[PDB]
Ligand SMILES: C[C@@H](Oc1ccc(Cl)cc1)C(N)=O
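Presented below, as structure tokens, is a lone chain in the form deposited without this ligand.
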């Protein structure tokens, strides 16, 4: 039975509006409704992994697991195994996988983050799951961010608290937050970003939705505009939105958007918005292809419609050689040549690098770089040809070219990371000096760049 080099992943997000679901929710898992939808000819083909995020979920874990498993069994005739379930208040994440994957999945983590202080602590935050699928790390975040059209900045703050404080993946990757810990990271939920148009334009917006003319609405979507201005979700992807706004509907129909201000809304308007979203971030040059992104039309218990997204995701096998794991493979090496970091910091400390990768027995600390001034104000940290030669555990190019090197640049004075990035070993050539580049971030915000050349030796 061969190990896969691709799997498909279903991501669902649904704000259930504190109501039980209807008796049939299969359209959700089949990616049927509006937007980029899945071909009828695939309906019986199970996804490898289903990740369900709910918000305002009134069900017990048991109640929801029974509905989910019975739904998937009805669609696929497969009895899925529960990988993980984690709930914070009424925010929940469930991960189900095909039974054949049970001994491919390991290192299962769960965590949550509560966002806000005093007033603003008590119902918003995130839950997450991570695990290994053979040689591939997968992370999943379901977040319910702050509501309200005039709180986009609070949403952006919620995002930065969640990526700082959600403790998933390999705790040895200590300089790295979740945005660097996984081959593939999926972040979804009721992100609560709104279409920022005047209240008076509510009926105009509704008209546009009935005409399926989303362009003038998406140009005002706060998540798209905040992302374009690098305020949030830096280096994440989202598939083009081709489905109607998923909020705020009258319940038991989808024929009416309920946007007017009410006591129940705190006298806020809820103009039709794409609150419910799926984004991802994968390591450079790993296969990830969105194959569906849309909303259901027939699930009407909530004032939100469910959103689905499906992905092809590249995966690698758990590699064993005669040598590694448990020793180095003298036939392999990674050399970083003529490298320099460009940092936005005003601080004058010395800096050193750390190289972290599951292709190394443990992380490698460099010597300090040489600080110079850039022509436009910047700190440039030069490493020359002084960087430690990295000794991978396996030299086989079928393994090594699929790996990645995480880089942290740290202050000698404080040992704190000023920037984190990732370099793919999927090179155009081995034994050849080739340009490398990564942006550097810290707390998910841009702090600089790392660039130079790499020379990779494999056993071929």
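Residue numbers count along the first chain shown, from 1.
In this entry, 323-331 shows the higher mean Cα temperature factor of the pair 323-331 and 216-224. Taking the mean C-alpha B-factor of each stretch as recorded, 430-438 and 32-40 are not equal, and the higher mean is that of 430-438.
Looking at 92, 338, 181, 287, the one whose CA carries the top B-factor in the deposited record is 338. Within the selection 314, 125, 369, 139, the deposited Cα B-factor values reach their highest point at 369. In the deposited entry, the Cα temperature factor of residue 274 places it in the lowest third of its chain's modelled residues. The entry lists a Cα temperature factor for residue 48 that places it in the lowest third of the chain's modelled residues. Compared with the other modelled residues of the chain, the Cα B-factor recorded for residue 382 ranks in the highest third. Ranked by Cα temperature factor within the chain, residue 282 sits in the lowest third according to the deposited record. Residue 404: CA B factor in the lowest third of modelled residues in this chain (values from the PDB entry).
Omitted here: the form deposited with this ligand bound. The next part is about that form.
In the deposited complex, this ligand sits within 4.5 Å of a heavy atom of residue 83. This ligand is not shown here, but in the deposited complex it comes within 4.5 Å of a heavy atom of residue 105. Although the partner is absent here, residue 353 sits far enough away that none of its heavy atoms falls within 4.5 Å of this ligand in the deposited complex. Looking at residue 334, you'd find every heavy atom of it more than 4.5 angstroms from this ligand in the deposited complex.
Of the candidates 145, 244, 141, 97, 97 is the one whose heavy atoms come within 4.5 Å of this ligand in the deposited complex; the others do not. Of the stretches 250-258, 263-271, 74-82, 305-313, only 74-82 has residues with a heavy atom within 4.5 Å of this ligand in the deposited complex.
Taking a 4.5 Å heavy atom cutoff to this ligand in the deposited complex, none of the residues in 294-315 make contact.
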